[PDB]
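Shown next as structure tokens: one chain only, the form deposited in one PDB entry.
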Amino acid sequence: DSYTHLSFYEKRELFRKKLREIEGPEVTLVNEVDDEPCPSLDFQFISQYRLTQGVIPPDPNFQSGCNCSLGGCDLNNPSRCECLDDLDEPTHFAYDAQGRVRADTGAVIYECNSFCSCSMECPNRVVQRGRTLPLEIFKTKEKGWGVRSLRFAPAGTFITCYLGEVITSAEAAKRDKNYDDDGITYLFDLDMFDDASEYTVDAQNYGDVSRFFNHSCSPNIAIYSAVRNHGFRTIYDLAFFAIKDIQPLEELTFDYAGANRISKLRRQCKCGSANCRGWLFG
């Protein structure tokens, strides 16, 4: 398997080159557990969803904007901003003066759009401003590859989005037939507002840093469904935030359950939590 023709120092050095080619905060690779040089070299880091055949993209004709106070929306005037039309009073932006998701924010974040009259510095464009923390892909003890932040991250800090190939329910069926006995899957259902378009995000071939997030039964980050196209919601952003205070070099983990050979891989859980459920889905 793999590319057994380049040796350790070359394979690893090609991955570091692959990370340095990512725009934004630095992403690193370290391994002090064993001798594996890096994750797969056929993986591609993307800054935006990778659509496929059969997927109806988000139609911009259903997309609206706001007025607000040409520059930056005012955090203390949530009723004026048309982007917050949804949800029940008291209407408030999902973010506080510190740019972190409020503790009373729900599972749905409503951000501004390209239609809005903001200068991109709007406080309601957190996700769209991408990753802000420098991350590190490291090798774990009993799991495969993991991720950990290098700087302290308060509760509510945005980490990054979960990206990958957006595929249809049919497409996912024929990929399952390829997963071997010990295959590793990277799926994430996109089902929170509709169930007709049963789309899914697969990170096996294309994805973001978040592909390496490990499961934990007592996680420290959660998924907030961020929405820009307020019309069609068959596709939306999967935005990770901190639900606890996270210290440097602390492993980032979430719960693989916020709502065929896949469900017959599972494997055993090893998050070291006193409240561990004992099982896992790849």
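Rigid core here is just the name for the largest C-alpha set that superposes within 1.5 Å across the two forms. Numbers for residues come from their place in the sequence shown, where the first is 1.
Heads up, the form solved in complex with a partner chain isn't pictured, but that's what we're talking about next.
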(Q) Using a 4.5 Å heavy atom cut-off, which residue among 176, 121, 74, 82 comes into contact with the partner chain in the entry with it bound? (A) 176
Q | in the entry with it bound, the residue from 154, 106, 99, 134 that sits within 4.5 Å of the partner chain by heavy atoms | A | 106
Q) residue 192 near the partner chain in the entry with it bound, any heavy atom under 4.5 Å? A) yes
Q | in the entry with it bound, residue 187 touching the partner chain (heavy atom, 4.5 Å) | A | yes
Q. Going by a heavy atom distance of 4.5 Å, is residue 223 a contact of the partner chain in the entry with it bound?
A. yes
**Q.** the partner chain contact in the entry with it bound: residue 256, any heavy atom under 4.5 Å
**A.** yes
Q | Among 142 to 150, 204 to 212, 125 to 133, 179 to 187, the region lying within 4.5 Å of the partner chain in the entry with it bound by heavy atom distance | A | 179 to 187
Q: Answer yes or no: in the entry with it bound, does the partner chain come within 4.5 Å of a heavy atom in every one of 172, 238 and 282?
A: yes
Q: Give the option from 204, 149, 140, 197 whose C-alpha shifts by 2 Å or more between this form and the one not shown; the alignment is on the rigid core.
A: 197
